[PDB]
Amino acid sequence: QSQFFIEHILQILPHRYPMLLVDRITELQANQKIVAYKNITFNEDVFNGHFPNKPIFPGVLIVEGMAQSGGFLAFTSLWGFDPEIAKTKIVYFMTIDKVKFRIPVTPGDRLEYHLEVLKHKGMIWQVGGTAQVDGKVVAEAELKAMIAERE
């Protein structure tokens, strides 16, 4: 498939509350690209601390959401849509590079992740791309993550 909803995400990604930062996948090309998004609302606990009277979605959490998008792409490219294989996998950050934040992200924003596979070798996936709001680039990132069997 090309479109996946929160139920599908919960079945593939190991991340849970308050660290599951992808809400919906709009397009997916195996081994190539993913487009997904997270809705940004005031009703998130991060906003209590970042910052009082000035809610700004943390830049590092944008990068995290981009990584989880790459991780969803990584897993399904490897095993397809298989929750039973998925439930015992974990995802580790290995590197982060060339990230630039251009526009602050705030409550009411639809934070759209666009990742493209730059290089992959087995469990090691290197993706790069942008986060977008209303068609504009708010962030750029390059990252490398590893899929690993939980032990």
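Residues carry their position along the shown sequence, with the first being 1. What we label the rigid core is the largest C-alpha set whose atoms superpose within 1.5 Å from one form to the other.
Higher-deviation segment by CA RMS in 7 other deposited structures of this protein, core fitted, 91-99 or 107-115:
Checking 107-115 against 91-99 in 7 other deposited structures of this protein, I find the farther stretch is 91-99.
Which segment is farther from the shown form on average in 7 other deposited structures of this protein after a rigid core fit, 80-88 or 42-50, going by CA atoms?
Larger mean C-alpha displacement, comparing 80-88 and 42-50 in 7 other deposited structures of this protein, is found in 80-88.
Would you mind comparing 31-39 and 117-125 for me and telling me which has the higher average C-alpha temperature factor in the entry?
Looking at the recorded C-alpha B-factors, 117-125 comes out higher on average.
Stretch exceeding the other in mean C-alpha B-factor - 80-88, 102-110
Taking the mean B-factor of the alpha carbons in each, 80-88 is higher.
Among all modelled residues of this chain, ranked by Cα B factor, put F51 in the bottom, middle or top third, i.e. lowest, middle or highest.
Its C-alpha B-factor, which the entry lists for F51, ranks in the middle third among residues of this chain.
Of the three thirds of its chain by CA temperature factor, lowest, middle or highest, which one includes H15?
Answer is lowest: the recorded C-alpha B-factor places it there.
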